[PDB]
Amino acid sequence: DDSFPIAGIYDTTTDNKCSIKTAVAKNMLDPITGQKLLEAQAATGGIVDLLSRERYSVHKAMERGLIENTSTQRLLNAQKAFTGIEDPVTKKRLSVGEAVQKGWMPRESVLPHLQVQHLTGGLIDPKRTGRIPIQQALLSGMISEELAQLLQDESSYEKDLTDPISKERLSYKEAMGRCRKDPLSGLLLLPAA
């Protein structure tokens, strides 16, 4: 819905929603999984505020207490997948898929973010609404053949998240599947105790 990422956590013990930040702090969600969920938010348009559905840049999120100080640095990297970057030579704005091809960023750093973009409707073209399908991205040279193939093969995505309920290792796609929608906000919440 609305091409949003996983937004927050569903506290199964109290039947209440809570933020990723609160869940990590209360030991309801493992810290690494929490950080990756926040990266996915940065990479798709901003950190989600559960109370309003608004989304915020990393800096604005920290100032509003939506994230911890210790997350800010790594979240800025993920945020580039949304904003794109400026080419140091040509000064043009590049998507991160183009940055990889131009040698400015390593493929390994960028793939997870393109994966989350794909799973929420398609690749992001910086400064534009409307997601780009993988095949269109490939034909335009926005991504390489290898990145396209990796993005297409959803069943093979890395299982680097831990389901707080089952303790199973899940991919981002599987994690999305475990989510409920919040009755108030409509946003995706991952259950945790």
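Counting from 1, the numbers follow the sequence of the chain as shown. FYI, side chains are in, hydrogens and waters are out, and symmetry mates aren't considered; it's all heavy atoms of this structure.
- Under the side chain to side chain donor-acceptor pair (under 3.5 Å) criterion, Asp1 pairs with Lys181, not counting sequence neighbours.
- In this structure, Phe82 shares a hydrophobic cluster with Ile124, the cluster being traced through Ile, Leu, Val, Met, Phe, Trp and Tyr side chains under 4.5 angstrom apart.
- Taking the side chain to side chain donor-acceptor pair (under 3.5 Å) definition, one finds that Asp49 meets it with nothing, sequence neighbours left out.
- In this structure, a donor-acceptor pair under 3.5 Å is present between the side chains of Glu63 and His59.
- For the residue pair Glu98 / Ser95, a side-chain donor-acceptor distance below 3.5 Å is found, with atom types taken as modelled.
- Heavy-atom contacts from other residues, nucleotides or ligands closer than 6.0 Å to CD1 of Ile32 number 12 or fewer.
- For residues 20-29, the set of pairs meeting the side chain to side chain donor-acceptor pair (under 3.5 Å) definition, not counting sequence neighbours, comprises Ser19-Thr22.
- With sequence neighbours left out, the side chain to side chain donor-acceptor pair (under 3.5 Å) criterion links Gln101 to no other residue.
- Hydrophobic cluster membership of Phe4, counting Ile, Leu, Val, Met, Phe, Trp and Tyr whose side-chain heavy atoms lie under 4.5 Å apart directly or via other members: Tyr10, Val48, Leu50, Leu51, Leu187, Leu189.
- The shortest side-chain heavy-atom distance between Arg131 and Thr120 falls under the 4.5 Å cut-off.
- Here the side chains of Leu150 and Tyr157 are not in contact, with every heavy-atom distance at 4.5 Å or above.
- Neither side chain, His118 nor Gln152, offers a donor N or O lying under 3.5 Å from an acceptor on the other.
- More than 12 heavy-atom neighbours from other residues, nucleotides or ligands sit within 6.0 angstrom of CD on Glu108.
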